[PDB]
Amino acid sequence: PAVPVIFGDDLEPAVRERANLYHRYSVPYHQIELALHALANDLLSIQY
Amino acid sequence: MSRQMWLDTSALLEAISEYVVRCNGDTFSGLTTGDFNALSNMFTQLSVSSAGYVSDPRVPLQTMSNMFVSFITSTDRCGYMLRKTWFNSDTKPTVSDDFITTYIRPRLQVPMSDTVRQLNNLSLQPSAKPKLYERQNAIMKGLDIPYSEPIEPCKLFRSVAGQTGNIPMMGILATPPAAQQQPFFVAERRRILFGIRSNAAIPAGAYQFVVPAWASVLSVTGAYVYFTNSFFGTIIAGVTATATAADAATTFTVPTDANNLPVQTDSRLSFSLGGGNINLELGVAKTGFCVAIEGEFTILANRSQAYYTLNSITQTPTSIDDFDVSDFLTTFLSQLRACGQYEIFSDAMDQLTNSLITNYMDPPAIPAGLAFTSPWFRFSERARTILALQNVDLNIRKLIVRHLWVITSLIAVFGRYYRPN
Amino acid sequence: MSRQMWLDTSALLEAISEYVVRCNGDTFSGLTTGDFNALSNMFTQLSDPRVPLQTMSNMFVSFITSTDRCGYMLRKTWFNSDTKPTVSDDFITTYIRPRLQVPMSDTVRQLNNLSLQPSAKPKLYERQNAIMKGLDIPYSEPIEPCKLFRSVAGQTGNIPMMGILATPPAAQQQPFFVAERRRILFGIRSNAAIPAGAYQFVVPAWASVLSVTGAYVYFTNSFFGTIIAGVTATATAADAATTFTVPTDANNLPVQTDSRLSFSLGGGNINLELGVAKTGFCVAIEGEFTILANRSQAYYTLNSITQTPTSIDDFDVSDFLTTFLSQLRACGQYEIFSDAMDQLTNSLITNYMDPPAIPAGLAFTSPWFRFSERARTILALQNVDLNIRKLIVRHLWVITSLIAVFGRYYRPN
Amino acid sequence: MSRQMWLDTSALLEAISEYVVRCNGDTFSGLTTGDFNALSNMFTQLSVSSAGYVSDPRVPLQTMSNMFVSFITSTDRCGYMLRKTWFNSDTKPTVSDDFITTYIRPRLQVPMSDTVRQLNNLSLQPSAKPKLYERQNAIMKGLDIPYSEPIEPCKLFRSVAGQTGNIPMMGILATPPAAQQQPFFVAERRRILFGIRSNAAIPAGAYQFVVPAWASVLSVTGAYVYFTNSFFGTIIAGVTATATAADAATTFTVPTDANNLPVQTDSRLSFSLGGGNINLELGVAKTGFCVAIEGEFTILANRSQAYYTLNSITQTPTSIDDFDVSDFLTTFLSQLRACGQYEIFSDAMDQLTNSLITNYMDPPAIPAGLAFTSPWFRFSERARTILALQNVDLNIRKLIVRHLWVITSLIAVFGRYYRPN
Amino acid sequence: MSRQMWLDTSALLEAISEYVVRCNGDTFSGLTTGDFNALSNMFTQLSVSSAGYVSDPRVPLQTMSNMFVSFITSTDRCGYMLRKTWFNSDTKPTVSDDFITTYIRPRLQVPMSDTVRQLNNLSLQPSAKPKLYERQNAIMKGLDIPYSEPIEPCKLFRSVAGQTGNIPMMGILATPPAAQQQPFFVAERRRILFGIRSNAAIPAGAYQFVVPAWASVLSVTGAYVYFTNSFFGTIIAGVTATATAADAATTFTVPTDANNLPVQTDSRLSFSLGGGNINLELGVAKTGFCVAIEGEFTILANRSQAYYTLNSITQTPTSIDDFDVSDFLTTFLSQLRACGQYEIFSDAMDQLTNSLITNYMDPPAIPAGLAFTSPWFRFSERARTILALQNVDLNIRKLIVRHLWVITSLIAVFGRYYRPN
Amino acid sequence: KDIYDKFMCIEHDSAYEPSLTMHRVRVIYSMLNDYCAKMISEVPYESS
Amino acid sequence: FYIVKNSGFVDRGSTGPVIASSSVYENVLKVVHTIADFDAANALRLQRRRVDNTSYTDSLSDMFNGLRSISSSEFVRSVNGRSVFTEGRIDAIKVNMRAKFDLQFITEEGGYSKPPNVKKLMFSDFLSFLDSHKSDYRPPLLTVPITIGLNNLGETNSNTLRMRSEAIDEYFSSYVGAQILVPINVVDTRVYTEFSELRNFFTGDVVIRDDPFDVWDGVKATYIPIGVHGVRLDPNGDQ
């Protein structure tokens with residue numbers, strides 16, 4: 001539905017991360033369980 | 001973000017409430033009822049995720065409302081959603097505020113949801129008293145409302161060329177007549193009223209009644225049409241409720257049915273005030289008469305727009321209801337008073353209302369003559385006043401009203417759990 | 001056992017009902033609805049499923065019938081505290097026990113008071129709690145003002161005040177506050193015109209807890225479908241505005257306007273100001289009535305009662321007994337019960353007054369299922385301290401409801 | 001910067017004062033007092049420059065007042081604090097000024113500070129004479145005041161439809177009556193007064209009294225209620241205080257209590273005037289009566305907002321107190337006169353209070369008829385004036401009074417150690 | 001447990017309150033105040049059975065109150081406290097009840113704590129409005145109150161043969177007189193006054209006033225003694241306030257001071273009403289006179305036991321104050337209303353009060369004719385009632401009152417943080 | 001049964017050992033690395 | 001945690017999921033003594049007194065004896081196949097100490113051949129605890145075991161008479177005997193009967209880029225000066 005990683009940078013459309021580069025999977029895990037790993041996206045952001 | 005995003009979330013909150021009421025006193029020890037499971041899962045989606053386990057649902061809900069009030073009260077933050085474009089587009093705004101990144105975001109399923117919606121309008125027994133959601137969709141996107149959903153006609157009432165009030169007409173219908181007067185068309189909670197009152201008699205024959213703009217979208221089933229002399233309990237003067245066992249059958253006819261509709265009969269009628277004028281054939285002369293249509297009133301399929309788009313509005317000033325927001329604010333108000341903010345809030349709202357009004361008229365300045373005679377939570381009135389501004393183009397006032405409503409509704413939903421202390 | 005222990009089960013039976021009505025006609029062949037599944041598990045948590053429900057009602061009637069069995073529930077102490085009692089009756093042993101989940105269950109209950117659209121017509125449970133433990137009722141739940149009515153200084157009753165409103169006035173009388181199912185009425189009837197200015201109205205006790213949203217406030221002359229004399233609902237497009245104010249709101253609340261109003265009678269007084277003199281005027285407030293936050297106690301505690309005797313509704317019990325009664329008449333056991341209950345009621349009144357004796361002047365005008373009345377009767381004994389009367393009402397109520405809930409499936413064979 | 005940043009620092013300076021009071025004459029040779037320890041540390045927190053033990057706390061405290069006066073005078077600098085938004089939102093302003101940088105910043109420990117604060121409202125014996133910080137919070141953020149803090153009724157007073165003022169109503173209460181007049185409700189420092197004056201005896205029976213908007217906030221404990229004929233020491237005529245051991249009991253009841261409260265009795269009572277009305281029952285007819293409630297007065301829970309928000313105001317013009325600012329200015333004034341600036345200050349203030357009001361009315365200009373009858377420090381009066389402008393609507397007026405007040409107080413606190421030389 | 005154990009803990013809760021107040025707005029980050037540490041240390045000691053360190057008090061404080069309310073609500077639990085023994089001895093009882101074991105336990109340091117208490121009665125400026133602790137000790141163990149502690153004489157008033165009431169006498173003092181009536185000794189908040197009223201002049205001579213039992217324990221410092229005509233702002237008839245610069249000085253004498261005490265002089269006097277009678281020498285004849293003593297009143301050394309033990313009470317019925325509990329209840333009451341329990345709580349106290357009274361009279365049964373006019377928290381009035389039972393011997397009635405008081409006090413202390421939700 | 005032990009330490013009561021909370025703060029940071037930095041990248045799927 | 005003479009819970013014939021347990025439910029306990037904190041419990045353990053000629057006891061033990069003992073048998077009591085509990089409530093001592101409860105599940109197949117081995121904690125063990133920690137300067141943690149018997153009679157199906165009812169009860173007695181316990185209410189479980197909802201509980205999102213980001217590490221971006229060039233010295237702010 002939308003990009004999971006939020007890079008605040010201003011980029012050329014050509015290289016800008018977009019929705020269709022990602023897919024969302026529904027897995028047999030409670031959100032609580034996946035929670036921590038979701039932070040990676042936040043870390044991946046301010047670092048690279 | 002998107003006006004859409006706010007709705008999807010509002011809907012979720014309204015869903016949470018629904019399932020709370022569903023679970024009240026149904027939370028037993030040895031079982032996980034489906035309703036509770038759903039309630040549990042909804043709580044789970046409300047927070048971020050990084051909000052961890054939910055041990056006491058009161059907290060995340062409480063936290064969310066608190067952040068909402070400190071947001072909805074600061075122009076600097078919630079400004080973005082006050083500009084014209086927020087109401088008329090699905091443009092993801094470039095605004096950074098951790099309230100929105102946390103709570104507001106697309107929640108509904110597509111396209112399955114939209115579809116279930118459409119199917120409902122064709123459903124047999126819709127919710128008698130619907131969620132703000134539906135109203136929100138109508139007032140903002142101008143979507144359709146269920147075909148069988150009932151409504152109290154008197155709300156629909158708007159000012160027309162002739163009579164400029166539904167309630168005011170009361171004090172006059174109770175004053176004896178000087179001579180044969182003009183017809184009148186009024187509405188109660190559960191019935192529609194029309195007729196002619198005179199101090200002299202009125203001959204038997206055909207009389208035409210021009211169904212008012214606002215009422216030309218009403219439909220009724222299981223209705224009883226009879227002659228009566230009361231309007232909201234107040235007695236109507238200058239009319240007769242008399243009849244002989246063998247009087248000449250009095251009937252009327254609407255442009256949608258080729259057969260005559262009887263009056264004063266134990267037969268349950270079904271007809272619609274759409275299409276034209278009611279042609280009434282009075283069987284036996286009467287000294288002023290009043291017909292009553294009492295039954296289940298619904299808005300004619302696919303014409304609810306007139307009401308919610310605020311299109312049924314012809315003249316200025318005008319009478320206008322609140323689409324029921326008051327009925328939903330109750331709780332949030334109680335919560336406000338209960339912690340002493342009812343005042344500090346009431347101030348911040350005038351501020352919000354004023355800034356909204358502003359972004360609608362070029363050039364950017366509060367129009368002169370604007371002075372409210374009521375507080376933010378008495379919408380019905382404030383709407384009247386917004387609509388009464390001679391300065392601004394009518395269609396813009398209409399928008400402002402609609403806009404204010406959506407924001408107001410949003411409050412009624414999100415603030416309910418406010419507790420700062 | 002515990003009072004909580006009963007309420008807990010009551011709730012579980014009202015739940016059995018709710019889900020039964022949910023599953024009606026929604027029980028298909030290759031399909032197991034979530035509702036039916038719940039209902040099923042509730043049936044299990046209790047004990048074909050009709051046989052058991054029956055056995056249970058039977059043993060209940062059998063229990064609440066003999067004063068020797070349920071004696072403990074009639075003591076001033078059972079209603080006063082959550083102290084587990086010492087009793088061995090194979091009914092309580094088999095059916096009464098905790099069934100709600102703590103603390104969760106409670107947490108939900110409160111989250112509910114803040115809910116947007118609570119139930120329009122709540123379960124007995126919610127009432128039981130308010131009346132017994134003095135809990136809160138949802139802030140947005142609606143009630144019919146006339147039920148909220150209790151006798152006050154100025155007037156004896158509400159309904160009776162009708163026949164007096166139908167009689168032409170002799171001279172400018174005293175203010176009146178009366179209530180219908182869907183609206184509140186207040187004004188001053190007179191046979192001589194009344195100047196225009198400012199008029200202080202003091203909101204009665206019972207009515208000071210009400211709050212209205214989506215209301216039309218207009219001048220009328222009817223009350224419960226009856227003509228009010230000495231009042232004129234006349235006016236003209238020229239007449240000056242007739243506003244009114246309440247302490248809770250800083251602005252003026254207009255009358256005879258198509259505008260929807262929402263104000264609160266918690267300020268204690270309505271300040272009304274007529275713009276044009278009238279030969280008797282009656283203002284009406286018609287809208288949605290809810291009970292203000294934290295003040296729903298007054299109503300369900302009977303603490304809103306000041307005079308004696310007084311007017312009193314039945315907290316809607318009558319409406320729930322219907323099922324049970326109809327099942328009694330089909331057994332002939334209607335009379336037997338009618339009597340056994342007459343004892344159950346005596347004994348309870350007994351245990352509330354020291355020394356232990358059926359007080360002076362206790363003749364019941366109506367049978368056990370006309371609570372609204374028998375309540376009036378008990379609230380009428382001046383030889384017994386006031387507060388103790390109130391309690392007997394509240395207490396008697398709870399047992400009544402419990403009956404309304406557990407007997408339903410009664411089929412004594 | 002942030003309005004919050006100013007309050008926080010005020011509270012610090014206001015705390016430094018407190019401890020200076022504590023340490024006076026308790027500074028001995030070999031002792032180490034928790035008080036002096038606190039003080040000397042606080043002396044440090046002022047100056048961003050340095051952190052060495054202050055050998056002479058006079059120096060930095062002075063430098064600070066001086067810097068402040070020099071800031072608060074120049075509208076080019078302290079202008080930002082006079083904007084509509086500064087009194088509203090907690091949005092750190094983009095302003096660069098030597099003062100703000102060196103002395104203003106957040107100082108209260110969070111969240112602890114708030115926790116303590118709320119825990120306090122429930123405390124048994126709150127300060128009988130509160131720091132300014134408390135009012136600053138109630139007047140600006142609308143926070144709660146301690147549930148059992150005392151207050152003098154008359155301050156609480158405001159103008160009502162019935163009677164215009166309180167103090168002035170005295171002279172009228174003196175003049176014998178023409179004939180049975182309308183009820184009066186006045187308030188002294190330590191007691192509330194109500195009753196009905198008449199030259200002719202008025203019957204024994206029930207009498208209803210509508211408690212005013214300003215007094216429906218009150219609640220008393222440890223009270224003696226009796227019949228008197230004095231108001232602020234002045235004699236009230238048209239009332240009798242006569243009675244005899246035979247007279248029937250004279251009880252009064254309040255909606256909040258289902259029991260009769262006795263009058264002219266040695267028992268100490270406690271009741272709430274928030275019920276909306278008093279019901280008095282004269283046991284024996286009296287030629288004019290006046291009841292007095294003398295006890296400990298407190299503002300009901302979650303209601304102090306009415307007083308501190310100026311929401312108790314319904315008329316215009318109106319009688320308004322000053323929230324006691326006058327009592328705190330004393331020091332600053334006496335320090336101004338000391339160096340001959342009392343004059344030059346009044347002129348910079350008038351520019352401040354003016355320039356302030358300006359920003360409050362769109363479009364941006366001084367109102368017509370702004371006749372300041374008193375100087376900047378007689379606030380009570382200047383408030384009446386602001387609140388009497390028919391041009392600007394009530395709300396904006398009130399907002400200006402509040403905003404003005406906060407600035408006023410802010411001065412009363414920071415100026416004190418001012419010595420130019 | 002021990003009556004002592006409750007007092008001890010109460011003292012601690014009160015200390016906690018005190019320090020919460022001391023810390024309010026004095027909690028700056030980067031600075032650990034000695035006060036804040038003490039506040040913190042006390043919290044720890046509160047939840048000593050479950051912790052050795054505390055982060056935020058918001059919770060344990062709440063929990064404690066909630067549990068406490070749940071305690072004095074159920075007779076079954078707190079029954080042991082309503083027995084005659086609990087008020088008499090320090091026998092460590094054994095009660096299996098979570099609340100008692102968890103919160104009620106020894107807090108004060110012995111004997112050092114007592115030593116300080118004594119050293120205090122001797123202090124120069126004791127607290128003007130003391131804690132409940134002091135009162136609790138006085139009323140229960142009958143200990144001494146500080147020698148310099150000021151008090152309002154009117155509270156001290158009790159009924160004596162001559163004049164039955166204090167406030168009631170206001171009515172008679174206002175009615176012009178017939179003959180030369182008996183002398184009156186009445187009292188106000190800040191001044192005590194006596195005299196003789198007549199319609200005909202009184203022979204300038206020597207008059208003797210017997211000092212009433214209740215006032216025979218008073219002492220004044222910094223007092224002006226003048227002639228006056230008012231009493232609580234109510235005019236007294238049969239009294240001359242007139243005097244001439246030529247008049248012969250009027251003086252009075254007390255069995256303590258061998259010297260004459262001037263009247264209508266600007267000299268601040270110091271004397272004691274203990275010892276017997278006041279000898280007044282009227283220098284000039286006057287048509288009714290009223291001497292007034294206005295200054296600071298304190299109870300004499302070692303005589304407080306009279307006031308606080310109810311030994312001032314000589315006859316029945318009698319009017320008595322409430323030792324100010326009502327001024328403390330305020331908070332706990334405001335918290336009960338906040339969650340609609342104010343109703344149930346009352347019904348519970350009633351049960352408590354009754355259950356308590358019962359345990360005092362043999363055989364175990366509510367006395368005949370026991371009718372309460374007031375609710376549990378209007379103590380003053382309820383004590384009057386207990387004290388008015390002719391079938392129960394005096395000493396027991398007093399105890400009922402003293403005992404009931406302590407419990408009421410305790411409630412006012414322990415309940416403050418109640419919030420169930 | 002093993003719910004993040006390095007951070008819980010059921011054996012010790014945080015109410016008698018303020019030291020623990022300090023230790024926890026320490027752990028938290030190391031958890032950024034052990035959990036938060038490990039990004040779920042492979043959810044297995046098949047065509048059906 | 002509670003101290004009690006004897007306890008257990010057998011609910012034979014039930015169709016519920018719980019049919020046996022080493023512990024009981026909270027409402028079945030009657031608290032007659034309350035030990036405030038570790039300290040106090042420890043203090044009582046140390047107040048020894050002479051009982052008779054050759055024996056001594058201790059305030060804690062002395063208090064434990066004051067409790068009514070309910071026959072093991074009475075716990076497994078049954079009437080026509082349904083377990084019933086005619087006895088009152090279990091007299092018990094409430095100890096307000098922090099404690100960890102070790103949960104354990106056991107599945108009852110229906111074949112009553114080999115009795116399960118349920119871990120039970122005796123009063124004796126609690127004393128043994130208090131003595132190994134008498135000197136500790138901060139309360140120790142008691143690990144209290146609690147077993148729950150899950151109803152799994154589904155794998156057992158025939159109508160043939162194999163044994164005597166008395167035997168079945170005797171079987172279940174294996175669950176009773178515990179002296180130190182924590183209420184079954186303590187155990188927080190979610191119980192699903194329709195697979196559907198078990199799934200709806202266990203469902204979550206993970207959005208993942210199809211192709212992994214290509215992260216460049218050793219990029220070397222350094223400034224390089226251009227050749228010789230005309231240098232202009234910016235002039236100082238003049239007047």
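Residues numbered from 1 in each chain as written, not as in the entry; some residues may be left out. Chains lettered and ligands numbered in written order. Part of a larger assembly, values for the part shown. Heavy atoms only, no water.

For this entry, the PDB record names X-ray crystallography as the structure determination method and reports a resolution of 3.5 Å.

Draft legend 1. Seen up close, the overall build of chain G. The secondary structure content of chain G amounts to 6 helices and 13 strands. Here the C-alpha atoms of chain G give a radius of gyration of 32 Å, more than 25% beyond the 18 Å that 2.2 N^0.38 yields for 239 residues. Over its C-alpha atoms, taken along the principal directions, chain G stretches across nearly 110 × 60 × 35 Å. The 239 residues of chain G split such that 39% are buried. (Helix = DSSP H or I, 4+ residues; strand = E, 2+ residues; numbered from the N terminus. Rg over C-alpha atoms; globule rule 2.2 N^0.38 Å. Buried < 20%, exposed > 50% of the residue type's maximum accessible area, 1.4 Å probe, protein only.)

Draft legend 2. Representation of empty space enclosed by the protein. One number sums up the size of the largest cavity: a volume of about 210 Å³. Lining the largest cavity are 20 residues, and of these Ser219(D), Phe271(D), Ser272(D), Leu333(E) and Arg337(E) sit closest to its centre. Put simply, the parts of the chain that give the lining of the largest cavity at least two residues each are β4 (218-227), β9 (269-272) and β11 (289-299) of chain D together with α12 (326-337) of chain E. Counting residues per element, the lining of the largest cavity draws most heavily on α12(E), which supplies 5 residues. Residues belonging to the lining of the largest cavity are distributed by class as follows: 9 nonpolar, 9 polar and 2 charged. What lines the second largest cavity is a set of 13 residues, among which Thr32(B), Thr33(B), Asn37(C), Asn41(C) and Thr193(G) lie closest to the centre. In terms of residue count, the dominant contributor to the lining of the second largest cavity is helix α2 (residues 34-46) of chain C (4 residues). (1 Å grid on protein atoms, 1.4 Å probe; cavity = no way out; pocket = protein on both sides within 12 Å on 5 of 7 lines; lining within 4 Å. Points joined across faces, edges and corners; volume = space filled by probe spheres on them. Nonpolar A, V, L, I, M, F, W, Y, C, P; charged D, E, K, R; others polar.)

Draft legend 3. Expanded view of the sheet that holds strand β2 (residues 191-196) of chain B. All names here are of chain B. Spatial strand order, β1-β2-β11-β4-β9: 5 strands in an open sheet with antiparallel pairing. In this open sheet, the two strands that pair with only one neighbour each are β1 (184-187) and β9 (269-272). For this sheet, the mean inter-axis angle between neighbouring strands, taken without regard to orientation, is 30°. Here strand β4 (residues 218-227) runs beside strand β11 (residues 289-299); their pairing, made up of 8 bridges, is antiparallel. Residue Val-220 lies in a different strand from β11, and its bridge partner there is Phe-297. (Pairing = 2+ DSSP bridges. Axes fitted to C-alpha atoms, helices over the stretch in contact; angles between N-to-C directions.)

Draft legend 4. Structural view of the interface of chain G and chain A. In this assembly, 12 residues from chain G lie in contact with 18 residues from chain A. There are 2 salt bridges connecting chain G and chain A. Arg209(G) is the salt-bridge partner of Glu17(A), the closest N and O atoms lying 2.7 Å from each other. The element best represented in the side of chain G that touches chain A is strand β13 (residues 204-209) of chain G, accounting for 6 residues. (Contact = heavy atoms within 4.5 Å. Salt bridge = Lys/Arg side-chain N within 4 Å of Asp/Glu carboxyl O.)

Draft legend 5. Quick look at the sheet that holds strand β11 (residues 142-151) of chain G. All names here are of chain G. Strand order in the open sheet formed by 4 strands is β2-β3-β11-β10, with mixed pairing between adjacent strands. A single partner strand is all that each edge strand has here, and the edge strands are β2 (9-10) and β10 (99-108). Alignment of β10 against β11, held across 10 bridges, turns out to be parallel. Each bridged residue has a counterpart across the sheet, and for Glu-108 the counterpart in β11 is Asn-151.

Draft legend 6. Representation of the arrangement of the chains. At the level of C-alpha atoms, the two units chain B and chain F stay apart, their nearest approach being 11 Å. Over all C-alpha pairs, chain D and chain G never come within contact, reaching a minimum spacing of 22 Å.

Draft legend 7. Representation of the packing of helix α1 (residues 3-23) of chain E against helix α8 (residues 132-141) of chain E in the model. Residues and elements named next belong to chain E. It is at 9 Å that the axes of α1 and α8 come closest, and there the two elements cross at 165°. The angle between the axes of α1 and α8 places the two elements in the roughly antiparallel class. The two elements α1 and α8 meet at a crossing, and its hand is right-handed. Between α1 and α8, the contacting residues are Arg-3, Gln-4, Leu-7, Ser-10, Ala-11 and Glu-14 on the first element and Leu-132, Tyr-133, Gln-136, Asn-137, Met-140 and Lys-141 on the second. Each residue belonging to the contact of α1 with α8 can be placed in one class, and the counts come to 5 nonpolar, 4 polar and 3 charged. (Parallel < 35°, antiparallel > 145°, perpendicular 65-115°, else oblique. Left-handed = near helix turned anticlockwise from the far one by under 90°.)

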